[PDB]
Amino acid sequence: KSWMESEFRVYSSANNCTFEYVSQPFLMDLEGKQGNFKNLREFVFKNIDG
Amino acid sequence: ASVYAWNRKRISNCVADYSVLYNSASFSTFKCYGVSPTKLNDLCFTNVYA
Ligand SMILES: *[C@@H]1O[C@H](CO)[C@@H](O)[C@H](O)[C@H]1NC(C)=O
């Protein structure tokens, strides 16, 4: 009676990887609500001078 | 490791600690053929291998 993340196919070829970064582990909501939305997300990406 | 297969590390995105390696009284000699050992904290590099 819960939602579990199993498929992690975002990457296939694990070659020589460069510097990586991690964060503090946590647990999100992971449940499907119906009706109307409650919030929106905004992420402006920009690549200037590296 | 040995000379037939030498391991190489990728130390990136961290503040160096050349002050410890400069005055340590543990190694035999410095005598390194690149830049001057003094004021090494002033110069900044992108990546350093180990
Ligand atoms: C992995 O190694 C190859 C061969 O040296 C190199 O061309 C490639 O750039 C490397 N991948 C990295 C450093 O992400």
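Annotations
- Sorted by Cβ density within 10 Å, fewest first, the residues B:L40, A:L40: A:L40, B:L40
- Inter-site label distance for B:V3 and A:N36 at 7 Å from Cα along Cβ, in nm: 7.6 nm
- Percentage relative contact order, chain B, counting C-alpha pairs under 8 Å, at least six apart: 66 percent
- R0 of 41 Å, Cβ-Cβ distance B:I11-A:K1: FRET efficiency to nearest 0.05: 0.35
- Per-pair calculated FRET efficiency, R0 = 30 Å: B:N41 and A:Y21 via Cβ, rounded to 0.05: 0.75
- Each of A:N15, B:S26, A:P25 was scored by the projection of its Cα onto the charge dipole of the protein assembly as shown, and the greatest displacement toward the positive side belongs to B:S26; charges sit on the C-beta of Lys, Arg, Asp and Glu.
- For the protein assembly as shown, the Cβ-based charge dipole about the Cα centre amounts to some 160 debye (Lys, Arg positive; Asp, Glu negative; other atoms uncharged).
- Virtual spin-label span in nm between B:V48 and A:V10, 7 Å along Cα→Cβ: 3.1 nm
- For the protein assembly as shown, the C-alpha radius of gyration sits at 1.86 times the compact-globule guess of 2.2 N^0.38 Å, with N the residue count.
So basically every Cβ, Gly included, is an ideal-geometry build from the backbone, and we count neighbours across all protein chains shown. Every number in this text was worked out from the coordinates using simple rules, so none of it is lab data.
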